[PDB]
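Trainee: Please find one structure pasted underneath; my questions will follow.
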Amino acid sequence: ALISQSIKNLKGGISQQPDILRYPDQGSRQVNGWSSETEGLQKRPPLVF
């Protein structure tokens with residue numbers, strides 16, 4: 001009861017495996033994201049004309 005968890009590094013991208021087998025640092029859908037290391041998940045760099 002009152003179980004809690006926290007993940008300090010979600011830089012693992014996405015994973016199509018069933019969530020039972022998914023690693024804690026893997027999402028289900030990541031679009032326009034940059035899984036930078038040492039700075040966490042970031043929005044992808046802007047597109048300069």
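Laboratory data are not the source of any read-out in this text; all were calculated from the coordinates shown. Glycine gets a Cβ as well: all are built from the backbone with ideal geometry, and neighbour counts include every protein chain shown.
Trainee: When residues of segment 29-49 are filtered for being of a type in the set (A, V, I, L, M, F, W, C) and farther than 21 Å from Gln16 by Cα, how many remain?
Mentor: Here the count works out to 3.
Trainee: Sticking with this structure for a sec: Six or more apart or on different chains, Cβ under 6 Å: which pairs go from a residue in segment 13-31 that's more than 14 Å from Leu41 (Cα to Cα) to one that's among the charged types (D, E, K, R) and assigned to a loop (DSSP other than H, G, I, E, B)? Could you list them?
Mentor: If the second residue must be among the charged types (D, E, K, R) and assigned to a loop (DSSP other than H, G, I, E, B), the pairs left are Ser15/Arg22.
Trainee: So if I check each of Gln5, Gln42, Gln30, which one is part of a loop (DSSP other than H, G, I, E, B), loosely packed, with under 13 Cβ neighbours inside 10 Å and among the polar types (S, T, N, Q)?
Mentor: Being part of a loop (DSSP other than H, G, I, E, B), loosely packed, with under 13 Cβ neighbours inside 10 Å and among the polar types (S, T, N, Q) holds for just one of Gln5, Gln42, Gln30, which is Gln5.
Trainee: Residues in segment 13-24: is at least one at positive phi, surrounded by 10 or more Cβ atoms within 10 Å (Cβ to Cβ) and touching a strand residue (DSSP E or B) at 6+ places or on another chain (Cβ under 9 Å)?
Mentor: Yes, segment 13-24 has at least one match.
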